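Respectively, the protein sequence lines represent chains A and B.
Counting from 1, one number per residue, gives the positions in the first sequence under the authors' numbering.
Counting from 311, one number per residue, gives the positions in the second sequence under the authors' numbering.
The C-beta atom is built at its ideal place from N, Cα and C for all residues, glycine as well.
For reference, the structure is listed below as structure tokens.
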Amino acid sequence: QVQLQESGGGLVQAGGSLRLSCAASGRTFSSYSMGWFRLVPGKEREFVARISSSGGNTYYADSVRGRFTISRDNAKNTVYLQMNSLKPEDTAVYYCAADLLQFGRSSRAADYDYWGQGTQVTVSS
Amino acid sequence: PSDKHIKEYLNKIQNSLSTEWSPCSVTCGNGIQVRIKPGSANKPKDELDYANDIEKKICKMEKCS
């Protein structure tokens with residue numbers, strides 16, 4: 001059963017940028033749609049972005065549209081979240097998630113199959 | 311049928327999704343039937359939301375011998 005591990009969190013100044021990455025163990029990454037979610041304490045995990053297994057289709061939450069970019073390197077078994085123009089409202093634990101569904105949309109945390117352990121992202125004014 | 315079973319079936323007929331109910335995913339045991347919801351008719355494949363646009367129901371078949 002695939003293991004997912006985030007890298008890249010931490011403190012960053014408002015207006016700055018961060019690249020999160022998430023690495024999958026084994027040899028199944030290429031068969032998953034991949035997603036990123038974020039957890040603010042006191043709310044459900046919020047959908048951030050999703051990428052089909054081929055990498056040909058991507059989808060964003062409107063709260064990050066125009067600022068974040070999701071991408072994948074199937075040769076490295078890694079999915080990425082590039083975050084630009086960061087705001088204090090972006091502060092959260094960010095989680096990667098793998099979905100056995102290889103196409104289409106999926107924005108509910110409950111409909112993903114595997115999860116990483118989360119990396120804290122803190123944006124100060 | 312498990313989440314894996316349902317999604318792997320959708321992945322197989324992904325270019326055959328329509329507003330018509332699929333056949334049962336299995337011939338024996340419990341499977342799934344899928345279709346594009348009528349309210350979502352003509353939504354292209356890559357716009358279909360797993361929860362909002364694809365209707366799923368269980369199909370019970372005779373036990374596997």
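Could you name the residues that DSSP lists as bridge partners for residue i?
{"i": "A/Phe103", "result": "A/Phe103 pairs with nothing; no bridge assigned."}
{"i": "A/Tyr94", "result": "A/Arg38 and A/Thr119"}
{"i": "A/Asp73", "result": "A/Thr78"}
{"i": "B/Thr337", "result": "None; B/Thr337 has no bridge partner."}
{"i": "A/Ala24", "result": "A/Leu4"}
{"i": "A/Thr58", "result": "A/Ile51"}
{"i": "B/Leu358", "result": "Its beta-bridge partners do not exist; DSSP assigns none."}
Could one say the Cβ of residue i lies closer than 7 Å to chain B's Cβ atoms, at least one of them?
{"i": "A/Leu100", "result": "yes"}
{"i": "A/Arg38", "result": "no"}
{"i": "A/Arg105", "result": "yes"}
Starting from the Cα of residue i, find the closest Cα among the options and give me that residue.
{"i": "A/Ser25", "options": "A/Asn74, A/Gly104 and A/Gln82", "result": "A/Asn74"}
{"i": "A/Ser17", "options": "A/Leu100, A/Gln1, A/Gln3 and A/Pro88", "result": "A/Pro88"}
{"i": "A/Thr58", "options": "A/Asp90, A/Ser33 and A/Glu6", "result": "A/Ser33"}
{"i": "A/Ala14", "options": "A/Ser31, A/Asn84 and A/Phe47", "result": "A/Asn84"}
Return no unless some Cβ of chain A is closer than 7 Å to the Cβ of residue i.
{"i": "B/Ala351", "result": "no"}
Using a cut-off of 7 Å between C-beta atoms, extract the partners of residue i located in chain E.
{"i": "A/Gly10", "result": "The question asks about chain E, but that chain is absent: this structure's protein chains are A and B."}
One question on the structure: do residue i and residue j come within less than 7 Å of each other, judged by their Cβ atoms?
{"i": "A/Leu39", "j": "A/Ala92", "result": "yes"}
{"i": "A/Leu11", "j": "B/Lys314", "result": "no"}
{"i": "A/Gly35", "j": "A/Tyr112", "result": "yes"}
With a threshold of 6 Å, establish whether the CB of residue i neighbours any heavy atom of the ligand FMN.
{"i": "A/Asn57", "result": "With respect to the ligand FMN, the structure shown offers nothing to examine, as it has no ligands at all."}
Quiz item: Should the region 102-111 of chain A be called in touch with the region 346-363 of chain B, which here means at least 3 C-beta pairs below 8 Å?
Solution: yes
Practice problem: Check whether the region 330-350 of chain B touches the region 112-123 of chain A, counting contact only when three or more Cβ pairs, one atom from each stretch, lie closer than 8 Å. | Solution: no
Exercise. Taking 8 Å as the threshold, find out whether the region 61-75 of chain A comes into contact with the region 110-119 of chain A through three or more Cβ pairs.
Key: no
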